[PDB]
C-alpha cells in the first residue's frame, strides 16, 4: 500500500495538496460522495507527461519531489463536487507506435506515439477531502455499555458512540488493533448539528466482561485528535 496524507476539511475556493508515498506512473483517482470511481489525473514516470480529465484542467497540478519518493496532487478552486476520497495509485502503461509517416525527400518524418493504460495495481489507502465553510471538530466518545439488554445467550455486545465531529472520517480500532474480529463500525450520519455520528460495536463472549478490558480507539486526523475510551459493564 502507499501511504497518503491525512484527511482535511477545506474552504470552498481554496486548494488541497494530497501526498502519496512509498520510477512509477502515478495516477490520481477519486470517489465523490454517492458516486462511482472517477479518473482525475496522471503523471508519467518518464516525467514527460502530466494530464487530467476535462473537469480538472485548470484546477489540478501534479508534482513529485527531488528524491522522487513522494507524489503530489494539488487541486485548486475547490467546490462541493470535490468532496471525495482521493486515491493515489501506481500504473502500468504501454507506449506504442501507432503509425509512421515519412517521405523519400528527408523532410516529413512523423511517427505517432501514444500511451495506453494497462492497469492500476497498488492503491493508496486514500485521502478524504471535505469542502466546507464549517470549522473542524474532534469527536465526543461515549460508552455503549454491556448490560442484560445487550446480551444474547452467552454473547454480550458493547461499544462506543462516536459523536459530534467534523469532518469525515474517523478510524475506530479496538484494544489498539489487538481485537479485530467481530467489529462493526457503522457509516456516519450527518446530524442536524451538521456534525457526524456513528457507533462502533463489538460482539463478545459474556464470560470475558470481567476478564478482558475493552477500549475503543478513535482517530480524527482533521482535528488532530485521538480519543481512547474504556467501556465497562453497567
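Residue numbers count along the first chain shown, from 1.
Unmodelled deposited residues between residue 215 and residue 216: none, per the record. For the segment pair 74-82 and 99-107, the entry gives 99-107 the higher mean B-factor, averaged over Cα atoms. The PDB entry records a higher mean C-alpha B factor for 43-51 than for its counterpart among 190-198 and 43-51. When the Cα B-factors of 203, 61, 67, 185 are read from the PDB record, 67 comes out highest. For the set 11, 21, 221, 17, the maximum C-alpha B-factor listed in the entry falls on 21. Remark: residue 232 belongs to the middle third of its chain, ranked by C-alpha B-factor as recorded. Among the modelled residues of the chain, residue 57 sits in the highest third by CA temperature factor in this PDB entry. Among all modelled residues in its chain, residue 169 ranks in the middle third by Cα B-factor. Residue-level temperature factors show residue 29 in the lowest third of its chain, judged at the C-alpha atom.
In the deposited entry, the Cα temperature factor of residue 118 places it in the lowest third of its chain's modelled residues.
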